[PDB]
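# Descriptive structure summary
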Amino acid sequence: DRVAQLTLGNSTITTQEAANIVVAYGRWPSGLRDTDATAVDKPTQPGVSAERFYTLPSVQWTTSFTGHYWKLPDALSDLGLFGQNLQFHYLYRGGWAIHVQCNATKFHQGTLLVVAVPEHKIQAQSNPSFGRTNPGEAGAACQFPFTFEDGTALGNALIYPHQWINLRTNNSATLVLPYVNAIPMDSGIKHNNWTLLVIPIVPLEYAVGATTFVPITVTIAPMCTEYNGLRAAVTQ
Amino acid sequence: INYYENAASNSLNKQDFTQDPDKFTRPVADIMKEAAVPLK
Amino acid sequence: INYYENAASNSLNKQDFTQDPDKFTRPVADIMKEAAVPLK
Amino acid sequence: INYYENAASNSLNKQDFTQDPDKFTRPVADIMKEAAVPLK
Amino acid sequence: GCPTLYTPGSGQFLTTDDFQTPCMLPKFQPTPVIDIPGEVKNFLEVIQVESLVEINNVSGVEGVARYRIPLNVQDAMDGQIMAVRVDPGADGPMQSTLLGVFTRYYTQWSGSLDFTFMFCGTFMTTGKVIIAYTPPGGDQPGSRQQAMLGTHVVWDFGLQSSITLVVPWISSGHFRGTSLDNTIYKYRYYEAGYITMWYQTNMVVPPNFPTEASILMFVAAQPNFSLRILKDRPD
Amino acid sequence: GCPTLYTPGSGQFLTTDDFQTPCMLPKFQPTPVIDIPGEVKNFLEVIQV
Amino acid sequence: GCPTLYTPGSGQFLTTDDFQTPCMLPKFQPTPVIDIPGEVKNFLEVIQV
Amino acid sequence: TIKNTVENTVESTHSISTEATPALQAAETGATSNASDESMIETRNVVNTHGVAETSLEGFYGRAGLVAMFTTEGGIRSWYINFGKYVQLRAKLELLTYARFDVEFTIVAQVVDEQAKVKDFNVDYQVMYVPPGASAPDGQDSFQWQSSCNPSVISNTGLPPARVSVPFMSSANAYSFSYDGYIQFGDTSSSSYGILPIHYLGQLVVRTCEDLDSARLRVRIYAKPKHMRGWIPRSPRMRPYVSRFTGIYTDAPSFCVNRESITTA
Amino acid sequence: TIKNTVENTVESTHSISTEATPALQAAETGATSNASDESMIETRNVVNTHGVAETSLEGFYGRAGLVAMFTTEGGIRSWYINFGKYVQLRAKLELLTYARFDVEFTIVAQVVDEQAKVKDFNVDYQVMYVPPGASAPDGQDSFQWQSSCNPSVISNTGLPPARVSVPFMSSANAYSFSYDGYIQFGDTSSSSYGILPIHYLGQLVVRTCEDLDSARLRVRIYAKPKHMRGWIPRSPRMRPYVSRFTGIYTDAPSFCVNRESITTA
Amino acid sequence: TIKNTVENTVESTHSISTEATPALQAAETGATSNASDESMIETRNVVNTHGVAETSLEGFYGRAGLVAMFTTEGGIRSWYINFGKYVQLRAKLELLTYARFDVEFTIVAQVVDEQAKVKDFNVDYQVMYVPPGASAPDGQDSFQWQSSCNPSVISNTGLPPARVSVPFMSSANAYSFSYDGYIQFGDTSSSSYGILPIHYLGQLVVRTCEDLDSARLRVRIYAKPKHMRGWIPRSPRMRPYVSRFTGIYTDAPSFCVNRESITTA
Ligand SMILES: CCCCCCCCCCCCC/C=C\[C@H](O)[C@H](N)CO
Ligand SMILES: CCCCCCCCCCCCC/C=C\[C@H](O)[C@H](N)CO
Ligand SMILES: CCCCCCCCCCCCC/C=C\[C@H](O)[C@H](N)CO
Ligand SMILES: [K+]
Ligand SMILES: [K+]
Ligand SMILES: [K+]
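Counting starts from 1 on each chain and follows the sequence as written, independent of the entry's numbering; residues without coordinates are not shown. Each chain gets a letter, beginning with A, and each ligand a number, beginning with 1, in the order they are written. In this entry, the chains presented are a subset of a larger assembly, and the associated values cover only that subset. Hydrogens and waters are ignored; side-chain quantities use all the structure's heavy atoms.

## Section: the overall build of chain H
Helix numbering and strand numbering both begin at the N terminus, where a helix is a DSSP run of H or I of at least 4 residues and a strand a DSSP run of E of at least 2. Assigned secondary structure in chain H consists of three helices and eleven strands. Along the first, second and third principal axes, the C-alpha set of chain H runs to 85 × 50 × 45 Å. Burial here depends on accessible area, computed with a 1.4 Å probe over protein chains only, as a share of the maximum for the residue type. Under 20% is buried, over 50% is exposed, and the range in between is partly exposed. For chain H, buried positions account for 62% of its 265 residues. Across chain H, every contact between residues at least 6 apart in sequence was considered, and the portion connecting residues at least 24 apart equals 76%. Residue-level accessible areas treat just the shown protein chains as cover; the underlying method is Shrake-Rupley with a 1.4 Å probe. Carbon and sulfur atoms make up 50% of the accessible area of chain H, which amounts to about 10600 Å² in all. In this description, contact between two residues means that some pair of their heavy atoms is separated by no more than 4.5 Å.

Encoded structure:
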């Protein structure tokens, strides 16, 4: 179906031009098991205060738009009680729900790929800056979309979880991601597990005189979260 | 028969099967059957 | 006993028989017995 | 299987357990339980 | 002790061998296995995913523009949109795809292919196209009558954005070679046929609309597909 | 390990020998056998023509 | 005797190896074990002090 | 569910209907097409017995490849254990995000003159493994070569090659071929980015037990993974490598060869 | 029906009759004669125990023979894998139209001077198998010799000979020793005739791991078929071979020696 | 009681009470603390499967290490059997007061010039074990080398290394790595103190079976304990060794590195 409603904590989202929902690697987010756990102190599970939708500032699909990205959990590291719990604790674990929105008339044509990639490094340059590697809640521009910022073909990104927004068909994309790592928990301030990338593959065009200014908007929820190792608050 | 103490000593595995690829090819929340239209 | 994984590793076959050669020596549609004349 | 006559010929032992360390850690004549005070 | 005799091949280091050996650390116990999403057991699971074809590979075309096929409003009938050879290990548009890179790790292939196309015009844009597979025996077909005598589909642009053509396994032997290189081994023997696209009607638009639109082209293996004899990727 | 003694003829390459050997491609599965007319098992069948 | 093939790593001296070997004195019988206080089996017992 | 052969094919007849439409698809949803062959054309029966074993992880990964090649200087050299210098095995391991495996190492050694011309001369060599925090030898005759705790292998250039197995030795639950993070707290320097210190397991050090006159050892190392397990397949590498310890690359405007026009095959 | 010995002989008496005529035959029909010994003369009983095993396909084919012999130039040489250069094994395989078999290959190598006089000198050699579409090495030190995907064997001129098995590797259901056709569509050129590209499986490439001074490797390869199956016996070859890849020949007016007259034995 | 893994962890809740006080302790009593983790903080369940095998006596002691290294002078040398010359294995055995074990000895030998440069030359060597009260050979050709009662091993510098096992050979019920006493009655001399004559089991003597011209043997010996048993753990050694047969040392005012202040980590 083409209608959907997502509800988490005190927050709700609706859409009328959906295209199903993706659940990455066929798994939903879940808790750490007693056989797989290592840290011995009792974990913190904040519930509805952390697990709810947050909305990041918007991006304009200009004439020159090459693409944009966000790092998780960097982007949400300074927002609400997700942010404060992540600063006060040494270790973090959890999954995500993601919803990308972009609307335009029946007189517009264009297409975006919306893709979530595990362990994505920035490496077109000898020495990536801290600004490029951790761009915060504003995100940063793609300078090298054809090589996917990492030395692979853009065309083969579809091995990672993705959807398309095609302006003749749909106006939103939805992804659900579980926790992925080689260890049971990790530092939230030193390591980013996922990157969310939005890339135009067919450029934006329209009937002469139609509305030219078209935003793209990203909304994100933490899901199934736990923390260990409480201390004072610490940031990079 | 294994001649040595630790399993790192053993020879290569012989369980060379494949499995259903739907965790990578069709990872969607609601089912879409072959004969139907996808969006309805 | 075979020591290796693939059959190309095995030693030579030991089934060294022969068989009736009529597929090469008498490949004719109608039978012609020894004691009879062939064309009748 | 052992190929030689004397036990000095045999390979290394495989009984690699540990045991309760109280002969070195708590070698005292009267018991002092965790929840109690030691001197009373 | 036991009498023995040692045979030729003694002391040789063969890289694809398989024997038991003494371990540097005999008493080491490794960390536990934990639950991680997305375990893979066979690369046939990966090759079955769709990836984009670099179809517009011509001199003046660079970067993301090389993934788009053009369409435009016509003023004459039955015209051609694109052509390509279907051979998956061959140099050209297929070579950078997932299916192309794994096929370049191996010398032989067998099975059906899935080609899938998606339209990216406005909601108001309409048209119909015909997509044909031609088995081997000559050159690519020179007209729409010559093309529609082979395996084909007619595609109508509407609500469902996309269509699949299946290229079925039609071969003399059970396997084909992945190279088509003619200077030494005459392997042009194994060439597998062509795929071509023509206008069935025309692309039609309202007043002041964009008169040019794009298609995107995806390729994947089907469930009867397989590979033999590993070799070093020439890229 | 086991005591052994190695005999004369060790390391010789005799062309009519018959021993097992390691394979260059251990996991390779060959094409099927199909029905073809005129299979031969012994050249005494041919000499009788 | 039995045909054999000898593999790489033949004749190497690896210090952490573990094989049976011939004894210099095959008929020697050692003294008895006696009761001594403070036997240790694992150095985890010592590190806990 | 698990399979040992590829899928069969059944007979199929003509269809004229409104009710069943397998050719129509929506790529927007993120799913790959599900049109079968039998739905799209009239098919015959085929019993297909082709196997799937050469494309298993054991199949693809289970064979030896070069990881190091060096000569001694003043009767010694050392090597940091890391699979980045030779690109063929590097490019295969970066097809997975996380992997667990054991390794079988093979060592091949020979004597050369000062003109790098080979010499018919048999000599004893020693290889020592030195984990992080252990002291490495300074030269050919240092007292760290007693090797009473560190493992060693000792061998001769006239025997067959040396070989040992090694188990899965990481502090993590798998090795990592991509890592989007920094080495340590309070050091966001650009040289501290995209390295996991957890894959670093130490050095190998090599010497001749005695001093050669004028000659040197040349040494090669081959590695073979065994018992592979793997998670989260990655896009394959498509540009040249530049550096041993980083993924750095240079951009270019195409991946495949050009042609005269899109309508000419 | 199957047999492990040749046929016995029974007793036979005189015959005077119109009813039975085993000596009369008609060669026109395409059948070989069926007159038995016992029908043509008076015979005695003989229990015959002669076996049939030396003339089986395993019997006739199961022994090694020479396929290649070459020297290195600048520390390298390569060989196209094809059994045409040495005529003895070639002339045996062309007694069948179609065959399936595995092969056991044996490699023998030694060092020579520039005057082709042998040298008492032990050296490491490497053999690499390069299937079609793979890049072959250019010289002694090219980076294709890492061998991480292509199979290799590495060995020394002072060990016993190298040996490996290989399975049935064709894309067809059998190899072909006759092929009446062309290589590809739209190329009826006379050099494109009577070659099957399906028997071509690639090259072997050989090097010394290090540079010899003045000396070269000389190398010989022997091949032995195993597990033979065979279809459609052919007439045996009766004129000299001329070329490695074709059946070309020159005519002559006889096959056996002449004599003074037909009536003189 | 015996265990194959380390201890698990259980869940724990808050406590407010006068009745239970696990944090209070009295070090005066000579006992180590018994406060568990779960008593001191709120804990979660953890099933812990880490093993204990690398820290067993067989684990820690069961690998070979260097005990002797020497060259022949006039075709002979001898060695007093004692593990004091090389400090790494010495420092490990002095972690126990008393031990019983068997030993596996490995011998590696090679030819050198007078400039201590190695030589490609294969020679026969002999090793003889001479217990106390037996006559040792005087030179390369003495008649004690008949070896009809004393054990010998004979071998060649071009075979792999020589190796033999030895059982527990002391007159005592264990070897001793500390001995607070004198060698004999009526001799309280300071050189007679802290030696046990019971660990002394004799010499090894080495020769070349024939006279080398100008060259010498160089020889190394490695020892590996097997089947260890151990009593009464000692404090570990913390100052350099000075002498082969005694524990003598020099004092110094610290053991670890200094820092600027006690309040700065
Ligand atoms: C005496 C024999 C020497 C054996 C020394 C063994 C050391 C252990 C090596 C384990 C292999 C580690 C592989 C892990 C990761 C790779 O290096 C990646 N390329 C790191 O980026
Ligand atoms: C490292 C060892 C090298 C092994 C390389 C094996 C390659 C496979 C060879 C299979 C034998 C093919 C024989 C087929 C046909 C004959 O060549 C005919 N004379 C062709 O006309
Ligand atoms: C032909 C092979 C030679 C074998 C000779 C064997 C002799 C027996 C040696 C047993 C080992 C004795 C170890 C006892 C004590 C240590 O030496 C201590 N460091 C003494 O202070
Ligand atoms: K099947
Ligand atoms: K008979
Ligand atoms: K436990």
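Read on, since the account is not over.
## Some details on the site of ligand 1
If even one non-hydrogen atom of a residue comes within 4 Å of a molecule or strand, that residue is called near it. Residues in contact with ligand 1, as listed here, are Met24 of chain E together with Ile81, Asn82, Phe83, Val164, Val166, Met169, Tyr175, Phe177, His199 and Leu204 of chain H. Taken together, the residues near ligand 1 originate from chains E and H. Protein burial of ligand 1: of its 620 Å² of free accessible surface, 91% is covered by the chains.

## Describing the interface of chain G and chain D
Taken together, the 18 residues of chain G in the interface contact 19 residues of chain D. Simply put, the buried area is the total loss of 1.4 Å probe accessible area from both parts when two parts are fitted together. When the two sides are added together, the surface that chain G and chain D hide from each other amounts to roughly 1600 Å², 50% of it contributed by carbon and sulfur. When the buried surface of chain G facing chain D is broken down by residue, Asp18, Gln20 and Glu45 of chain G rank first, second and third, together holding 38% of it. Within this document, salt bridges are pairs made up of a side-chain nitrogen of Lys or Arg and a carboxyl oxygen of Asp or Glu, the two lying within 4 Å of each other. At the surface where chain G touches chain D, the tally comes to two salt bridges. Note that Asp18 of chain G and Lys14 of chain D form a salt bridge whose closest N and O atoms lie 3.1 Å from each other. For the purposes of these results, a polar contact is taken to be a pair of N or O atoms within 3.5 Å, where, inside protein, one atom must be able to donate a hydrogen and its partner to accept one; residues adjacent in sequence count only when each atom of the pair is a side-chain atom. The interface formed by chain G and chain D includes twelve residue pairs in polar contact. The set of elements that each furnish at least two residues to the side of chain G that touches chain D consists of β3 (39-40) and α1 (44-47) of chain G. Three classes are used, and their members are as follows: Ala, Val, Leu, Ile, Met, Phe, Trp, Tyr, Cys and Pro are nonpolar, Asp, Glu, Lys and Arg are charged, and the others, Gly among them, are polar. For the side of chain G that touches chain D, the class distribution of residues is eight nonpolar, five polar and five charged.

## Digging into the site of ligand 2
The full set of residues close to ligand 2 is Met24 of chain F together with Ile81, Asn82, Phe83, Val164, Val166, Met169, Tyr175, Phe177, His199 and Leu204 of chain I. Lying at an intersection of chains, ligand 2 is approached by residues of chains F and I. Relative to its free-state accessible area of 620 Å², ligand 2 is covered by the protein chains to the extent of 91%.

## Here's the deal with unusual backbone geometry
Note that the residue after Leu72 of chain A, namely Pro73 of chain A, is joined by a cis bond; omega there is 0 degrees. Relative to the assigned elements, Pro73 of chain A resides in the loop between β6 (68-72) and α1 (80-88). Positioned with a positive phi, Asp78 of chain E is a non-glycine residue whose angle comes to about 70 degrees. Residue placement: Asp78 of chain E occurs in the loop between β5 (69-72) and β6 (80-85). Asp78 of chain E gets classed as partly exposed once you look at its relative accessible area, which sits at 38%. Even without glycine at this site, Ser147 of chain H takes up a positive phi of about 60 degrees. With respect to the element layout, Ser147 of chain H can be found in the loop between β6 (124-130) and β7 (152-156). By relative accessible area, which is 3% here, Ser147 of chain H ends up buried.

## Observations regarding the coordination of the potassium ion (ligand 6)
Residue and element names in this part refer to chain J. The donor set comprises N, O and S atoms within 2.8 Å of the metal, extended to 3.2 Å for Na, K and Ca; water molecules are omitted, so apparent gaps in a site may simply reflect that omission. Every protein donor of the potassium ion (ligand 6) is accounted for by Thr5 (OG1), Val6 (O), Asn8 (OD1) and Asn48 (O), and the metal-donor separations fall at 2.7 to 3.1 Å. Between consecutive donor residues of the potassium ion (ligand 6), the sequence gaps follow T-V-x1-N-x39-N. In this pair, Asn8 is assigned in the loop between β1 (2-3) and α1 (37-40) and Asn48 in the loop between α1 and α2 (57-61), connecting sequence segments 40 residues apart. For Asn8, a relative accessible area of 39% gives the class partly exposed.

## Here's the deal with the environment of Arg63 of chain J
Relative to the helices and strands, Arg63 of chain J resides in the loop between α2 and β2 (65-71). Here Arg63 of chain J falls in the buried class, since its relative accessible area comes to 16%. Counting along the chain gives 55 residues from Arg63 of chain J to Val118 of chain J, while the straight-line C-alpha distance between them is 28 Å. Apart from the residues within four sequence positions on either side, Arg63 of chain J is in contact with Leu25 of chain E, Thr15 and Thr16 of chain G, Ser148, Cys149 and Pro151 of chain H together with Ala223 and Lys224 of chain J. A polar contact is formed between the side chain of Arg63 of chain J and the backbone oxygen of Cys149 of chain H, at a distance of 2.5 Å.

## Section: the packing of aromatic side chains
Aromatic rings from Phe, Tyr and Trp, with only the six-membered ring used for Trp, were paired whenever their centres fell within 6.5 Å, and each pair was classed as stacked if the ring planes differed by under 30 degrees, edge-to-face if by over 60, and tilted otherwise. By the definition in use, this model includes 50 aromatic pairs over all chains. Arranged with centres 4.1 Å apart and planes meeting at 15 degrees, the rings of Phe119 of chain E and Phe157 of chain E form a pair that is stacked. With a gap of 38 residues between them, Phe119 of chain E in strand β8 (residues 113-119) and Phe157 of chain E in the loop between β10 (151-156) and β11 (162-167) connect regions that are remote in the sequence. Across the pair, exposure class does not vary: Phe119 of chain E and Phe157 of chain E are buried alike. Considering the side-chain rings of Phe101 of chain H and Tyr175 of chain H, the 5.4 Å spacing of their centres and the 55 degrees angle between planes classify their relative orientation as tilted. In this pair, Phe101 of chain H is assigned in strand β5 (residues 96-112) and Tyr175 of chain H in strand β9 (residues 175-176), connecting sequence segments 74 residues apart. Judged by its relative accessible area of 4%, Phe101 of chain H falls in the buried class. What links up through ring pairs into an aromatic cluster is the set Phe43, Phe102 and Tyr105 of chain E together with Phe60 and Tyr61 of chain H. The ring of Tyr54 of chain A carries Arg52 of chain A above its face, with NZ or CZ at 5.0 Å from the centroid. The aromatic ring of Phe60 of chain H is capped on one face by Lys92 of chain H, whose charged end is 5.0 Å from the ring centroid. Only when the NZ atom of a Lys or the CZ atom of an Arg is both within 6 Å of the ring centre and within 35 degrees of the ring normal do we say a charge sits over the ring.

## Some details on the interface of chain H and chain E
Residue-level contacts link 74 residues of chain H with 87 residues of chain E. Of the roughly 6900 Å² buried between chain H and chain E, counting both surfaces, carbon and sulfur atoms make up 59%. A per-residue breakdown of the area chain H buries against chain E is headed by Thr55, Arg259 and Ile262 of chain H, which together make up 10% of the total. For the salt bridge of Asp17 of chain E with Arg163 of chain H, the shortest nitrogen-to-oxygen distance reads 3.2 Å. Those elements giving two or more residues to the side of chain H that touches chain E turn out to be β2 (24-25), α1 (37-40), α2 (57-61), α3 (87-93), β5, β8 (162-166) and β11 (216-233) of chain H.

## Some words on the coordination of the potassium ion (ligand 4)
Residues and elements named next belong to chain H. Protein coordination of the potassium ion (ligand 4) is provided by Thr5 (OG1), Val6 (O), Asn8 (OD1) and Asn48 (O), with donor distances spanning 2.7 to 3.1 Å. Within one chain, the residues donating to the potassium ion (ligand 4) are spaced in sequence as T-V-x1-N-x39-N. Taken together, the residues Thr5 in the loop between β1 (2-3) and β2 and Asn48 in the loop between α1 and α2 connect sequence positions 43 residues apart. A relative accessible area of 13% places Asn48 in the buried class.

## Structural notes on the sheet that holds strand β10 (residues 162-166) of chain A
Residues and elements named next belong to chain A. The strand order across the open sheet formed by five strands is β9-β6-β12-β8-β10, and the pairing between neighbours is antiparallel. Two strands in the sheet have a free side with no partner beyond their single neighbour: β9 (140-141) and β10. Across ten bridges, the pairing between strand β8 (residues 108-118) and strand β12 (residues 194-206) is antiparallel. Bridge pairing links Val117 to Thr195 in β12. Note: two strands are recorded as paired if DSSP finds a minimum of 2 bridges between them.

## Focus on the arrangement of the chains
Summarising the chain contacts, 31 pairs of chains touch, and the pair with the most contacts is chains E and H. Spatially, chain A and chain C are disjoint, and the shortest separation between their C-alpha atoms is 34 Å. Spatially, chain B and chain I are disjoint, and the shortest separation between their C-alpha atoms is 17 Å.

## Observations regarding the side chain of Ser147 of chain J
Here the side chain of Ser147 of chain J touches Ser152 of chain J through a polar contact of 2.7 Å, side chain to side chain. With sequence-adjacent residues up to four places away left out, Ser147 of chain J is seen in contact with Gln126, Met128 and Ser152 of chain J.

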